[PDB]
>>> print(open('protein.pdb').read())   # PDB, N, CA, C and O atoms
ATOM      1  N   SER A   2       0.831  -1.199   0.000  1.00  0.00           N
ATOM      2  CA  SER A   2       0.000   0.000   0.000  1.00  0.00           C
ATOM      3  C   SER A   2       0.869   1.255   0.000  1.00  0.00           C
ATOM      4  O   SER A   2       2.028   1.224   0.420  1.00  0.00           O
ATOM      5  N   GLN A   3       0.291   2.358  -0.472  1.00  0.00           N
ATOM      6  CA  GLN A   3       1.011   3.623  -0.543  1.00  0.00           C
ATOM      7  C   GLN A   3       1.544   4.014   0.831  1.00  0.00           C
ATOM      8  O   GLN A   3       0.802   4.023   1.818  1.00  0.00           O
ATOM      9  N   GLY A   4       2.837   4.332   0.891  1.00  0.00           N
ATOM     10  CA  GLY A   4       3.473   4.742   2.126  1.00  0.00           C
ATOM     11  C   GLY A   4       3.242   6.212   2.422  1.00  0.00           C
ATOM     12  O   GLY A   4       2.432   6.893   1.786  1.00  0.00           O
ATOM     13  N   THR A   5       3.985   6.711   3.419  1.00  0.00           N
ATOM     14  CA  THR A   5       3.845   8.114   3.799  1.00  0.00           C
ATOM     15  C   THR A   5       4.366   9.047   2.711  1.00  0.00           C
ATOM     16  O   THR A   5       3.787  10.105   2.470  1.00  0.00           O
ATOM     17  N   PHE A   6       5.429   8.662   2.006  1.00  0.00           N
ATOM     18  CA  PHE A   6       5.924   9.517   0.938  1.00  0.00           C
ATOM     19  C   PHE A   6       4.848   9.726  -0.117  1.00  0.00           C
ATOM     20  O   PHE A   6       4.571  10.853  -0.520  1.00  0.00           O
ATOM     21  N   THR A   7       4.275   8.641  -0.619  1.00  0.00           N
ATOM     22  CA  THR A   7       3.293   8.758  -1.687  1.00  0.00           C
ATOM     23  C   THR A   7       2.051   9.492  -1.206  1.00  0.00           C
ATOM     24  O   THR A   7       1.501  10.322  -1.930  1.00  0.00           O
ATOM     25  N   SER A   8       1.590   9.195   0.011  1.00  0.00           N
ATOM     26  CA  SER A   8       0.389   9.857   0.520  1.00  0.00           C
ATOM     27  C   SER A   8       0.643  11.332   0.780  1.00  0.00           C
ATOM     28  O   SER A   8      -0.212  12.174   0.486  1.00  0.00           O
ATOM     29  N   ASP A   9       1.811  11.682   1.315  1.00  0.00           N
ATOM     30  CA  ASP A   9       2.115  13.083   1.531  1.00  0.00           C
ATOM     31  C   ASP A   9       2.297  13.799   0.208  1.00  0.00           C
ATOM     32  O   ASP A   9       1.884  14.951   0.066  1.00  0.00           O
ATOM     33  N   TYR A  10       2.910  13.138  -0.777  1.00  0.00           N
ATOM     34  CA  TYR A  10       3.022  13.735  -2.105  1.00  0.00           C
ATOM     35  C   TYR A  10       1.639  14.005  -2.672  1.00  0.00           C
ATOM     36  O   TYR A  10       1.399  15.050  -3.282  1.00  0.00           O
ATOM     37  N   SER A  11       0.695  13.093  -2.453  1.00  0.00           N
ATOM     38  CA  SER A  11      -0.660  13.321  -2.950  1.00  0.00           C
ATOM     39  C   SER A  11      -1.337  14.476  -2.225  1.00  0.00           C
ATOM     40  O   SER A  11      -2.144  15.189  -2.826  1.00  0.00           O
ATOM     41  N   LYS A  12      -1.031  14.677  -0.940  1.00  0.00           N
ATOM     42  CA  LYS A  12      -1.567  15.838  -0.236  1.00  0.00           C
ATOM     43  C   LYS A  12      -0.965  17.116  -0.788  1.00  0.00           C
ATOM     44  O   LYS A  12      -1.675  18.118  -0.914  1.00  0.00           O
ATOM     45  N   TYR A  13       0.320  17.088  -1.122  1.00  0.00           N
ATOM     46  CA  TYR A  13       0.948  18.207  -1.819  1.00  0.00           C
ATOM     47  C   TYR A  13       0.265  18.488  -3.141  1.00  0.00           C
ATOM     48  O   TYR A  13      -0.080  19.628  -3.436  1.00  0.00           O
ATOM     49  N   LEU A  14       0.002  17.450  -3.930  1.00  0.00           N
ATOM     50  CA  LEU A  14      -0.700  17.685  -5.190  1.00  0.00           C
ATOM     51  C   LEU A  14      -2.096  18.249  -4.950  1.00  0.00           C
ATOM     52  O   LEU A  14      -2.568  19.122  -5.694  1.00  0.00           O
ATOM     53  N   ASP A  15      -2.791  17.752  -3.925  1.00  0.00           N
ATOM     54  CA  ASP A  15      -4.106  18.273  -3.601  1.00  0.00           C
ATOM     55  C   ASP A  15      -4.025  19.724  -3.197  1.00  0.00           C
ATOM     56  O   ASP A  15      -4.924  20.514  -3.520  1.00  0.00           O
ATOM     57  N   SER A  16      -2.962  20.106  -2.495  1.00  0.00           N
ATOM     58  CA  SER A  16      -2.774  21.492  -2.090  1.00  0.00           C
ATOM     59  C   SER A  16      -2.566  22.377  -3.307  1.00  0.00           C
ATOM     60  O   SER A  16      -3.083  23.494  -3.359  1.00  0.00           O
ATOM     61  N   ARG A  17      -1.799  21.902  -4.288  1.00  0.00           N
ATOM     62  CA  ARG A  17      -1.612  22.653  -5.522  1.00  0.00           C
ATOM     63  C   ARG A  17      -2.943  22.820  -6.255  1.00  0.00           C
ATOM     64  O   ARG A  17      -3.260  23.898  -6.768  1.00  0.00           O
ATOM     65  N   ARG A  18      -3.755  21.766  -6.299  1.00  0.00           N
ATOM     66  CA  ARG A  18      -5.053  21.854  -6.949  1.00  0.00           C
ATOM     67  C   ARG A  18      -5.971  22.813  -6.211  1.00  0.00           C
ATOM     68  O   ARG A  18      -6.674  23.611  -6.835  1.00  0.00           O
ATOM     69  N   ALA A  19      -5.995  22.752  -4.884  1.00  0.00           N
ATOM     70  CA  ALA A  19      -6.843  23.649  -4.114  1.00  0.00           C
ATOM     71  C   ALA A  19      -6.398  25.093  -4.279  1.00  0.00           C
ATOM     72  O   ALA A  19      -7.236  25.997  -4.379  1.00  0.00           O
ATOM     73  N   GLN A  20      -5.090  25.336  -4.323  1.00  0.00           N
ATOM     74  CA  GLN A  20      -4.614  26.672  -4.570  1.00  0.00           C
ATOM     75  C   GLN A  20      -4.990  27.126  -5.979  1.00  0.00           C
ATOM     76  O   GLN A  20      -5.340  28.286  -6.195  1.00  0.00           O
ATOM     77  N   UNK A  21      -4.934  26.194  -6.926  1.00  0.00           N
ATOM     78  CA  UNK A  21      -5.414  26.429  -8.274  1.00  0.00           C
ATOM     79  C   UNK A  21      -6.841  26.967  -8.253  1.00  0.00           C
ATOM     80  O   UNK A  21      -7.183  27.967  -8.890  1.00  0.00           O
ATOM     81  N   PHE A  22      -7.680  26.284  -7.480  1.00  0.00           N
ATOM     82  CA  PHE A  22      -9.082  26.658  -7.344  1.00  0.00           C
ATOM     83  C   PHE A  22      -9.232  28.024  -6.700  1.00  0.00           C
ATOM     84  O   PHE A  22     -10.035  28.846  -7.152  1.00  0.00           O
ATOM     85  N   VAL A  23      -8.473  28.292  -5.640  1.00  0.00           N
ATOM     86  CA  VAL A  23      -8.492  29.606  -4.998  1.00  0.00           C
ATOM     87  C   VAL A  23      -8.217  30.694  -6.021  1.00  0.00           C
ATOM     88  O   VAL A  23      -8.903  31.719  -6.053  1.00  0.00           O
ATOM     89  N   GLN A  24      -7.212  30.488  -6.870  1.00  0.00           N
ATOM     90  CA  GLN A  24      -6.894  31.457  -7.914  1.00  0.00           C
ATOM     91  C   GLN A  24      -8.042  31.610  -8.891  1.00  0.00           C
ATOM     92  O   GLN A  24      -8.434  32.734  -9.241  1.00  0.00           O
ATOM     93  N   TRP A  25      -8.606  30.494  -9.342  1.00  0.00           N
ATOM     94  CA  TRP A  25      -9.718  30.541 -10.286  1.00  0.00           C
ATOM     95  C   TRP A  25     -10.883  31.327  -9.706  1.00  0.00           C
ATOM     96  O   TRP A  25     -11.535  32.115 -10.406  1.00  0.00           O
ATOM     97  N   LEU A  26     -11.188  31.123  -8.431  1.00  0.00           N
ATOM     98  CA  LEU A  26     -12.309  31.805  -7.816  1.00  0.00           C
ATOM     99  C   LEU A  26     -12.161  33.319  -7.896  1.00  0.00           C
ATOM    100  O   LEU A  26     -13.171  34.026  -7.990  1.00  0.00           O
ATOM    101  N   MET A  27     -10.929  33.843  -7.835  1.00  0.00           N
ATOM    102  CA  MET A  27     -10.671  35.273  -7.949  1.00  0.00           C
ATOM    103  C   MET A  27     -10.573  35.761  -9.382  1.00  0.00           C
ATOM    104  O   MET A  27     -10.600  36.964  -9.609  1.00  0.00           O
ATOM    105  N   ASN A  28     -10.406  34.874 -10.346  1.00  0.00           N
ATOM    106  CA  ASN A  28     -10.189  35.278 -11.724  1.00  0.00           C
ATOM    107  C   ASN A  28     -11.477  35.806 -12.322  1.00  0.00           C
ATOM    108  O   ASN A  28     -12.580  35.440 -11.924  1.00  0.00           O
ATOM    109  N   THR A  29     -11.311  36.648 -13.318  1.00  0.00           N
ATOM    110  CA  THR A  29     -12.447  37.166 -14.083  1.00  0.00           C
ATOM    111  C   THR A  29     -12.153  37.055 -15.570  1.00  0.00           C
ATOM    112  O   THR A  29     -13.052  37.353 -16.356  1.00  0.00           O
TER     113      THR A  29
END
>>> encode(input="protein.pdb", output="structure tokens")
Amino acid sequence: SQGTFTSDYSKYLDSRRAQXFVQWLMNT
């Protein structure tokens, strides 16, 4: 099963996506 490295990397990717969304929400 995915270890801490892979799971933490996925949380990092999720953080990038969520920040992506934050930016989109402000865009016009």
>>> atom_distance(input="protein.pdb", atom1="atom N of residue A:13", atom2="atom C of residue A:29")
27.6 Å
>>> atom_distance(input="protein.pdb", atom1="atom CA of residue A:9", atom2="atom CA of residue A:27")
27.3 Å
>>> select_by_dssp(input="protein.pdb", residues="chain A", states="helix (DSSP H, G or I)", output="VMD selection string")
chain A and resid 5 to 27
>>> axis_aligned_box(input="protein.pdb", around="stretch 10-22 of chain A", padding_each_side="6 Å", output="AutoDock Vina command-line options")
--center_x -3.5 --center_y 21.0 --center_z -4.6 --size_x 25.1 --size_y 27.8 --size_z 20.7
>>> atom_distance(input="protein.pdb", atom1="atom CA of residue A:3", atom2="atom CA of residue A:19")
21.8 Å
